[PDB]
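Engineer: Experimental structure and sequence below, a few questions after.
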Amino acid sequence: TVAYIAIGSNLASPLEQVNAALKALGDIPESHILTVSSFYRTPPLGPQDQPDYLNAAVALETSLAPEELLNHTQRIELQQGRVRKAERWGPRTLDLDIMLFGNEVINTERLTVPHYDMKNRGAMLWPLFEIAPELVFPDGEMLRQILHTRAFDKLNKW
Ligand SMILES: Nc1ncnc2c1ncn2[C@@H]1O[C@H](COP(=O)(O)CP(=O)(O)OP(=O)(O)O)[C@@H](O)[C@H]1O
Ligand SMILES: [Cl-]
Ligand SMILES: [Mg+2]
Ligand SMILES: [Mg+2]
């Protein structure tokens, strides 16, 4: 099954964390990376104080069940999602979300797939469109259609 995973980091200098996460994704059992999108920059929410967000999309071929994959992405967030500062570990700065899982619709306590808000997020749709321009959602909506309808501004690469 082809799973699409959204990667985000709002660390001030996020490249090393993102690469560590990408490597870890490739190490997930019964799985392997098919392709990785470019890295996209989005300004912080509200207050300009915060760092920009680095966003990307990964296509992962996997024979794991959806919630088994979530266990692994959540493990990676616990293991690599926080960065040590001088005398303290920082908060979680890495976010791994399952955008799509094959052509499956999932609605459990732990999982909502397709991701509940992805159709509102250029930070998700643009990197996904780069790696899967012909993508069709479970309900028959096309990724191209969503982008065409909303006419989101394009995001700058990192
Ligand atoms: N498609 C999906 N991918 C990942 N987690 C998901 C998910 N659908 C539901 N969840 C649930 O989302 C819960 C909260 O995850 P968080 O990472 O804290 C939300 P977030 O990603 O910061 O915001 P967002 O969901 O608005 O993108 C998890 O405990 C997980 O069970
Ligand atoms: Cl660009
Ligand atoms: Mg998220
Ligand atoms: Mg998340």
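Structural biologist: Alright, I've got the coordinates. Residues are numbered from 1 along each chain as shown. Ligands and ions are numbered 1, 2, ... in the order given.

Engineer: Would you mind listing what in the chain touches ligand 2?
Structural biologist: Listed as neighbours of ligand 2 in the chain under the rule CB under 5 Å from the ion: 156, 157. Using the backbone N, CA and C atoms, a C-beta is placed for each residue, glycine as well.

Engineer: Show me where the chain has its helices.
Structural biologist: When assigned using DSSP state H, the helices of the chain occupy the ranges 15-26, 66-80, 122-131, 143-150.

Engineer: The last one: which residues count as buried?
Structural biologist: Of the residues in helix 143-150, 143, 146, 147 count as buried by neighbour count, 16 or more other CB atoms under 10 Å.

Engineer: And the helices of the chain: which comes nearest ligand 4?
Structural biologist: Nearest of the helices of the chain to ligand 4, taken as CB to the ion: helix 66-80 at 7.6 Å.

Engineer: How much space separates residue 115 from residue 56?
Structural biologist: Per CB to CB, to the nearest Å, residue 115 is found 14 Å from residue 56.
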